[PDB]
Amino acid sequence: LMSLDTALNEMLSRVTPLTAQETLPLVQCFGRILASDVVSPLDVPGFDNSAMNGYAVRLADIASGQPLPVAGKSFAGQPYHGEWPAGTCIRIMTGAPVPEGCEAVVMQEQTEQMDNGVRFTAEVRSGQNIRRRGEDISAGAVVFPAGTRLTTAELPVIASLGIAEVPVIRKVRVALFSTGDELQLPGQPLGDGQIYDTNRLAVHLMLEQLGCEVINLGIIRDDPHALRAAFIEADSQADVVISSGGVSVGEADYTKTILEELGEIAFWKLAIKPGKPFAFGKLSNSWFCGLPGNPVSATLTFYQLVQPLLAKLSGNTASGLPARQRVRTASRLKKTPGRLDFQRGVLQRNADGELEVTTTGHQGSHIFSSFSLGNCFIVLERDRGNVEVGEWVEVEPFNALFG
């Protein structure tokens, strides 16, 4: 009934990014969000230097027009020191500091080297081939704005400025648990109607790889007191509490009333597949997300809803959701109009070098193999019907959580 985009946007619009900060040495900031703007203490480059391998010259010596004998050279870490007579030029390489008085650099490929001097023939604009002090970064400028996620791309740049540590928004703390007498821990046998608890592990793993602080309270006993106690504890410790299965997502029972007793929680019916139910709302001091019991739905629902939410909450300002592309199906796809189907498929290059999706197989939610076999989602539009080999189709490549 309710659309995914509508749901997501309503979740996101209620949420306020964290602000609490901590200062850490750069090596420990991977994945972390900047709490404050990084301001450059130095100029980059720190001095005027050559854009090219060629010769440093003065605009007047060129106008004179005689070949210019080489008076010396300026290199990597050894500027040209000493006098530079009129009627001469300085040999120079990329990155090397331009000598005092220099008005241009000429690339050697535009010149004729002879025993008695370099002959210049092309026009010589002033400033050409010269990289100005701080043209790349000026001291006092903001190199990286607050809200930036720190990666190998940013952190070395910060170190290049001589900064040892930066302040970052604190990890988001997420309490995790599941409930139900069916749920079984490993090592024990499966009594009557029991199954091993897989959703919790799945969520724990994704949470940790998303940079969060997990507080796994485990399986809570089929009991209202155990459950109220779990929520109280979870909500007091964390910014987000997750039920990975067992708490109500619509159906009326002892868990649904505790939920209605502890916060304002909405029970959604998403127009997606697989999945459908989703619980979301505010507890006393936290946000609550309750997932359906089916592994495939829990994962899907987590990945496409909780994951975005956690991002916003972290302080990250990177607007947009994982990238998608248009692609031809080498496979035939069973799709029902009514729901936004996130099928699994296999994106790979064909003989022509073009990219194409193949189904992983049976798209039913009774099996989890489609996450291993796959490598992307075939995001089939809500209103769309069956898909015939060769039709245009949306793929969302899996991110690192699945490979």
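So that there is no doubt, residue numbering starts at 1 and follows the sequence shown.
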Which of 219 to 227 and 295 to 303 has higher mean CA B factor, as the PDB entry lists it: 219 to 227
Mean temperature factor over C-alpha atoms, higher-scoring stretch between 142 to 150 and 192 to 200: 192 to 200
Residue with maximal Cα B-factor (values as given in the PDB entry) among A311, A175, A159, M114: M114
Per the PDB entry, maximal CA B factor within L207, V247, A76, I232: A76
Relative C-alpha B-factor of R119, binned into the chain's lowest, middle or highest third: middle
For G315, the third of its chain into which the C-alpha B factor falls: lowest
Third of the chain, ranked by Cα B-factor, where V393 sits: highest
CA B-factor placement of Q348, once the chain's modelled residues are sorted into thirds: highest
Where the record places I92 (Cα B-factor, split into thirds across the chain): middle
